[PDB]
Number of protein chains: 2
Amino acid sequence: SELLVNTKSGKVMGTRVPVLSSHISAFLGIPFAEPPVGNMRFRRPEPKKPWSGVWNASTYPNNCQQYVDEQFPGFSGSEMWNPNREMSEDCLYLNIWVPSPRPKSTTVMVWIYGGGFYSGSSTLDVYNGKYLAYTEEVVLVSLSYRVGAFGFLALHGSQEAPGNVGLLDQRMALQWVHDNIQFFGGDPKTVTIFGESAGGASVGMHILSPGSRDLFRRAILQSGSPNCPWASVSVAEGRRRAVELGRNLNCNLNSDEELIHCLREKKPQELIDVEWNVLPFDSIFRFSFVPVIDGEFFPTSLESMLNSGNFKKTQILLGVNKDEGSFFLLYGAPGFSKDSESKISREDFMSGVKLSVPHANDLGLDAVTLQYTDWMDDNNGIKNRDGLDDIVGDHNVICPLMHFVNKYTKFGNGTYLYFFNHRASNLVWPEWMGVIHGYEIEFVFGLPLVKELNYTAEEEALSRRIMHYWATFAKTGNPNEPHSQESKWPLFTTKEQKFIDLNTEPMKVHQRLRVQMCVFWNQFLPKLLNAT
Amino acid sequence: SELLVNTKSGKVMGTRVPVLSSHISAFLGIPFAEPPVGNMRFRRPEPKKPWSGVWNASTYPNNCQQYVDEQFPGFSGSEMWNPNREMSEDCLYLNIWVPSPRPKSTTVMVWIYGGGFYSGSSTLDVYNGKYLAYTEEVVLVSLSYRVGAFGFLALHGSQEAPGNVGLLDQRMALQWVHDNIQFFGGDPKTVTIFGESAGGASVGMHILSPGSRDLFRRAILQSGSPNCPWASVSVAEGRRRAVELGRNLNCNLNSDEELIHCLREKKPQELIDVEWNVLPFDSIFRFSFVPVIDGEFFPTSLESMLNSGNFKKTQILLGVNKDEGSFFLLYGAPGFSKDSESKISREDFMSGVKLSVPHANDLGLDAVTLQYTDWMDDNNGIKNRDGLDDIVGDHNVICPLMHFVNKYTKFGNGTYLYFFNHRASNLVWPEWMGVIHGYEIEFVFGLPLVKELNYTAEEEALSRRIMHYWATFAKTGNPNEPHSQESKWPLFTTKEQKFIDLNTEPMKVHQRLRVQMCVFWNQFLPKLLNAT
Ligand SMILES: *[C@@H]1O[C@H](CO[C@@H]2O[C@@H](C)[C@@H](O)[C@@H](O)[C@@H]2O)[C@@H](O)[C@H](O)[C@H]1NC(C)=O
Ligand SMILES: *[C@@H]1O[C@H](CO[C@@H]2O[C@@H](C)[C@@H](O)[C@@H](O)[C@@H]2O)[C@@H](O)[C@H](O)[C@H]1NC(C)=O
Ligand SMILES: *[C@@H]1O[C@H](CO)[C@@H](O)[C@H](O)[C@H]1NC(C)=O
Ligand SMILES: *[C@@H]1O[C@H](CO)[C@@H](O)[C@H](O)[C@H]1NC(C)=O
Ligand SMILES: *[C@@H]1O[C@H](CO)[C@@H](O)[C@H](O)[C@H]1NC(C)=O
Ligand SMILES: *[C@@H]1O[C@H](CO)[C@@H](O)[C@H](O)[C@H]1NC(C)=O
Ligand SMILES: [Mg+2]
Ligand SMILES: [Mg+2]
Ligand SMILES: [Mg+2]
Ligand SMILES: [Mg+2]
Ligand SMILES: [Mg+2]
Ligand SMILES: [Mg+2]
Ligand SMILES: [Mg+2]
Ligand SMILES: [Mg+2]
Ligand SMILES: [Zn+2]
Ligand SMILES: [Zn+2]
C-alpha cells in the first residue's frame, strides 16, 4: 500500500520510480486548489474540493500558462527551462518524492521554482526530486503557482484581481503540505522551503508575510531575495501595468470590473503575447507582473519590515553565483553572443548600463559607469563585458541579497552564506558566461550523480556535499556535521560576515561578499537617485 | 561544587587542570579496594571500606610494585614507561577525567594499561586522559591492578594465592565505576574498556569471563588479545612457577600454606629480583606471572570458549602495529642495537628464532626458519632483521589477534579492525625499529595536539581522527560518522575480512591481514608441535 495514501482531500496512488540503482515512490500532479479558470482567473485560490475515488498521481501535471523562450531554438541550454508538459490555466498541482521504505516522520523540503515570476515549471529535468529524496532520505515536494498576469495582475482594491495570487497559490500548497504531509511520512513540523531566483524571492516573501510564517520551519534562498529590484512593484505601478495590459488588448478601462471582464475573456496566449509591453522602460532583468506591496500580504514596506524585525525569526541558508548577469546580457544587451567571446565596445557598454539600471537618471548612470569603468583601460572589451556582468549581477541579485542577509542576521537565529563559483565541465553555454544564474540548481538536486549526464567525479562529490549541506540544514538548522573533522561552514555574523565558496577545491572562508560594490548599490546610488 | 563529588564509598575532591587552552576536572588516586598488603598479599581484592571526610584526589597515586626497566638509563624512550610515582603494594587506585562543565550522563572509557602483566602504571605521561576527555567530552577512567607475583602468583586450589587477582583488581575497579560513575556525569550503561598489549589481553579476558561481562558495554583491544601465547599459563605451570619462586628465595615448599607464608614475609623487591628466574626457557616476549586458566575466572579453555561463543557478544574495535617485534628483539635478541641499523647475521638469526619460539622442538624451529628465510638471499642482514621482527610480531601479537577476531566475529555484533603503520616524526628510537609496540598509544590519547611535543600538523590530524574513531565507537558501537562524506571504516566480516590502515595518508582498505603467516602460526605450527 506504499503507493496508496489517504489524504484529507481524497485518495492518491503514486508510482515506483528507479533512482541510482534503487527505487522510490513518486506522487505526481496532486491538486491543491480549484483550477483557477474562467471567472476564477486572477482571483485568490480556493482549496481543492475533496474528490471521490483514487487520484492517479503517476505522471507530472500540466504547466502554468507562460511566455516560452524561443530565442535559441533547438538548443538545450535554453529549452531545458521551457515547459515540458502541456500548458494550462488548470495547473495548481504539487509533486512529492518519498523514500522507500516510507519513513515514519522525516524532514520535508518544498521547492519553489524561479523564472522571474513570469515563467517556471515544477516538472523540469533539473528539478527532479528523486535524487534528493533518495540520497538524503527526505520527503521532497515541488509546488506550482500562477505566473505572469495569471498570477500577479494587481488592481489593488479589487477583490477579483487583488494581486499576489501566485504567492497565495504557493501558500495554499504550503497549507496543503502542512495538513497532509504526515500521511506521506513527512514531518509537518520540519518543513524547509527553498527556491532559486524568483523562487528565492518568494521564500523571502513567506518569511516576511505573517500569513505564511507558521507554514514552514526554515528557509533556503538561492540567487534571489524579497527586496530584489525586479521582485515587487508599488500598488500604483501594478495598477498602471494592469491598465496598460488592457490598453494593449482594446479593453474597457473605465473601471476594474469592466477591465477584468475583458481580460478574463481573452485567450491565455493573447495576454502572453503583449505581456512585455507593459514595462515602463527598455530594460533587462525586469518582469511585467510581480508581487505588489499591498499592505495585506506585506503589511508595510519591505525595508521597514526588515528594519523592525517584522519577519519570521529562524535559520536561513542562502547565496549567489559568480556570474549572475551573463544570462540577461546575452538575451537583452547589444554586443553579446552565444557564438563568440562577446568583447563589448565602449558604445555597447554605455547602452548596456542604461538597460541594466533603467530607472536611473543620467547622473545615476554616470555614477554606475564610473564605479565599473577601468579608466586606465577603458576600451578593453573583455573588461567591459565582465563589468556589465558585475553591474547586472550586483544590482539585481548579489547586493539585494547581501542587504537582506545583513538585515535578517540582526534578528534571526542563524545565517549560512555561500558563493557558488564552479563552472560545470559539461556546460553547454560559452565560456565567457562563466557560472550562470540558475546553474547551481543541478548540483542542489543531484544531477551529477547520474553517469549518463557526463559530469566528473569531482562534480559528483560537490553535488553530494551540497545536497548534504542543504538537507542537514533542513533537518537541524545547521548545514554542518555535528561532530566531524571536515571543515565547517561558519555562521554568518553581523560582525565578521563570513561566507564560503562552493566549488571543487578545498573550502575557503571569506568575509564581506562584494562589500565595496554593495555599498554603492545599497547606500549611495539610492541616495543619489532620491536627491536628484 | 564541580570538584566535590559524593560517592557510595565517601566524598572525594578533585582539581581543575588546564588542557589545550581550557580546563577540566581531574579526580586522581581514588581508592577502590583495601590495600592488598601484609596478609592480603596474593589474596583476592576486598572493596574499599567507606571513609569519613573528604578524599583528596588532586594528585596521582602510588604505582604498583614492579620490575623497572633500567636497560637504557637516561633515555626517554624507555624511561617514559617506568613508574613515575613511588612504588607501593598500596596501589589499587583509579583516576577520572571529567569535562567542564560536568555533563549529565555521557560516554565512559576505562583504560587498562599494558606491560606484559609484570609492569605498568596508570600515571604515565602517555596515558594522560585529559586530552581525550576534553577533546571528545567523555568521562575517562584509568584503573590499576597488581602485576608480577603480586597480581598473578597462582597456587590453584589455595584460597590465599588463587591466581588471577590482578584481573580481579581490574574487575573491582570496573565494579566501582559501575556503582559510582554516575556521580561524575558518567553513564554506567555506556562503558567501553580499552587497553594495549597486556591491557588488550585483559580486555579480551573480561569479554570471556562471565563475572566481568555485565560491567561494561563495548571493548577496544590494541596489540593484544586474550589467546596471546604469553598472556596465560596452565594451572600446572602457574603452580610450577610459584614453587620455583619460593625455591629461589629459600622458602618452605612443603605446602601452599608454608610457601605463601614465606613469600608474604619477603620485601617486594626480593620477589622482583628473582621474578625472571621462574621462566621455563631462555626467551623473549614471555613473562613470569600471568593469568591462569583456572576453571573459575575462565570456565573452560580459551579456545573452547571462543569456539562455542561463550563470551560477551557486543561490538569490538581492535588492531595491531606494523613492527610489533622490534622492541623485544632490541632488549633480548643478539645482534640488535639502539645505536646501529642492526643487520642480523645468519647465526644471530638462528639464535633469535629459538628465543622467539622457545617452546618449539627442532622441527618446529626448522619450520619457522623456512617460513621466514629468503633462500635466494639468506645472508641479507636487513632481511634477517626484518624477518625476526615479523616472527616476534606475528607469533606474539598479530596472529593471535587475527585468530581472536575471526572467532569473535562469528558471534559478535560488529568488528572494526585496524593496522597502525605511522612512524612518528619525533620518535626517539632508531629507524630500523619502525612502528613500535605501544607507539599508537600517544595518538589514541591525543599527545600530538600538544604543540611543545613537536609533532607535525598531519600527526595532530591523525590523532584527532583516531580519538574520534575511538570515542565515537565507545558511544555508538561504530567508529564512523553516522552520515559523513569522509571514507568509512568498513565492518570486518567473516567473508571479506576487511581492515584499514591508520596513518597520515588517505584511508586504504585491505583484506586478510597477514593471512599467509597466520595460517602458519594458528593452524600448521600448532599441529606440527602436537604431532612431534
Ligand atoms: C495512471 O496513469 C498512468 C499513466 O497515464 C497517462 O496519464 C493519464 C492521465 C491518461 O491520460 C493516460 O491516457 C496516460 O497514458 C497509466 O498508465 C495507468 O494505467 C493509470 N492508472 C489508472 C488506475 O488509471
Ligand atoms: C590536597 O593535596 C594537594 C597536593 O598534595 C600533595 O599530596 C598530599 C597527599 C600530601 O602529601 C601533600 O603534602 C602534597 O603536597 C594539596 O596542595 C592540597 O592542599 C590538599 N588539600 C587538602 C584539603 O588537604
Ligand atoms: C537560536 O535560538 C536559541 C534559543 O533561544 C539560542 O539558544 C541560540 O543561541 C540561537 N542561535 C543563534 C545563532 O541566534
Ligand atoms: C555522454 O558521453 C557519451 C560518450 O562517451 C555520449 O554517448 C552521451 O550521449 C553523453 N551524454 C550527454 C551528452 O548527455
Ligand atoms: C547487532 O544486533 C542488532 C540487534 O539484534 C542487529 O539488528 C544488528 O544487525 C547486529 N549487527 C551486527 C553487525 O551483527
Ligand atoms: C621542541 O622543539 C623546540 C625547538 O624548536 C625545543 O625547544 C623543545 O624542547 C622541543 N620539545 C621536545 C624536544 O620535547
Ligand atoms: Mg464575457
Ligand atoms: Mg563575471
Ligand atoms: Mg549526506
Ligand atoms: Mg564524529
Ligand atoms: Mg611471618
Ligand atoms: Mg617490521
Ligand atoms: Mg571528534
Ligand atoms: Mg552528515
Ligand atoms: Zn466582453
Ligand atoms: Zn617465617
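Every heavy atom of this structure was used, including side-chain atoms; hydrogens, water molecules and symmetry mates were not. Below, chain A is the first sequence line, B the second, and so on; all start at residue 1.
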Colleague: For the side chain to side chain contact (heavy atoms under 4.5 Å, CB included) test, which of B:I293, B:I207, B:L208 pairs with B:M305?
Modeller: B:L208

Colleague: Roughly how far, to the nearest 0.5 Å, is CG of B:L167 from NE2 of B:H206?
Modeller: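 Those atoms lie 5.5 Å apart.
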
Colleague: Could you tell me whether the side chains of B:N84 and B:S121 share a donor-acceptor contact shorter than 3.5 Å?
Modeller: no

Colleague: For B:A333 and B:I284, which heavy atoms make the closest approach, and how far apart are they?
Modeller: N-CG2, 4.5 Å

Colleague: So that I know where these two stand, are B:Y93 and B:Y60 an aromatic pair - ring centroids less than 6.0 Å apart?
Modeller: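 That pair fails the under 6.0 Å test.
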
Colleague: With sequence neighbours excluded, tell me which residues meet disulfide (SG to SG under 2.5 Å) with B:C399.
Modeller: B:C518

Colleague: Taking all atoms of both residues into account, what is the closest heavy-atom pair of B:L528 and B:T532, and its distance?
Modeller: O-OG1, 2.7 Å

Colleague: B:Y118 pairs by ring-ring contact (aromatic ring centres under 6.0 Å, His included) with which of B:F287, B:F289, B:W81, B:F285?
Modeller: B:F287

Colleague: Would you say the side-chain atoms of B:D374 and B:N380 include a donor-acceptor pair closer than 3.5 Å?
Modeller: no

Colleague: Relative to the ring of B:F336, is the ring of B:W432 parallel (under 30°), tilted (30 to 60°) or perpendicular (over 60°)?
Modeller: tilted

Colleague: Does the plane of the ring in B:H422 sit parallel, tilted or perpendicular to the ring in B:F420? Use 30° and 60° as the thresholds.
Modeller: perpendicular

Colleague: Are B:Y439 and B:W429 linked by a side-chain donor-acceptor pair shorter than 3.5 Å?
Modeller: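 Yes, because at least one side-chain N or O of B:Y439 sits under 3.5 Å from a partner of the opposite role on B:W429.
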
Colleague: Quick one about B:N421 and B:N503 (side-chain donor to acceptor, distance below 3.5 Å, no hydrogens or angles considered), yes or no?
Modeller: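 Yes, because at least one side-chain N or O of B:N503 sits under 3.5 Å from a partner of the opposite role on B:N421.
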
Colleague: So does B:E244 pair up with B:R241, basic N to acidic O under 4.0 Å?
Modeller: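 Here B:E244 does not pair with B:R241 in a salt bridge, since their nearest N and O are not under 4.0 Å apart.
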
Colleague: Knowing that exactly one of B:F473, B:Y127, B:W111 qualifies, which makes a ring-ring contact (aromatic ring centres under 6.0 Å, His included) with B:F194?
Modeller: B:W111

Colleague: Is any NZ, NE, NH1 or NH2 atom of the basic residue among B:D282 and B:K354 found under 4.0 Å from an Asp or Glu carboxylate oxygen of the other?
Modeller: no

Colleague: Give a yes or no on whether a salt bridge exists between B:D501 and B:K508, defined as a side-chain N under 4.0 angstrom from a carboxylate O.
Modeller: no

Colleague: Assess B:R346 against B:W375: is NZ or CZ under 6.0 Å from the centre of the six-membered ring, and within 45 degrees of the ring's axis?
Modeller: yes

Colleague: Mind checking the OG-CG spacing from B:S223 to B:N396? Nearest 0.5 Å is all I need.
Modeller: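 So the gap between those two atoms works out to 12.0 Å.
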
Colleague: Does the side chain of B:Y418 pick up a donor-acceptor pair with the side chain of B:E440 at under 3.5 Å?
Modeller: no

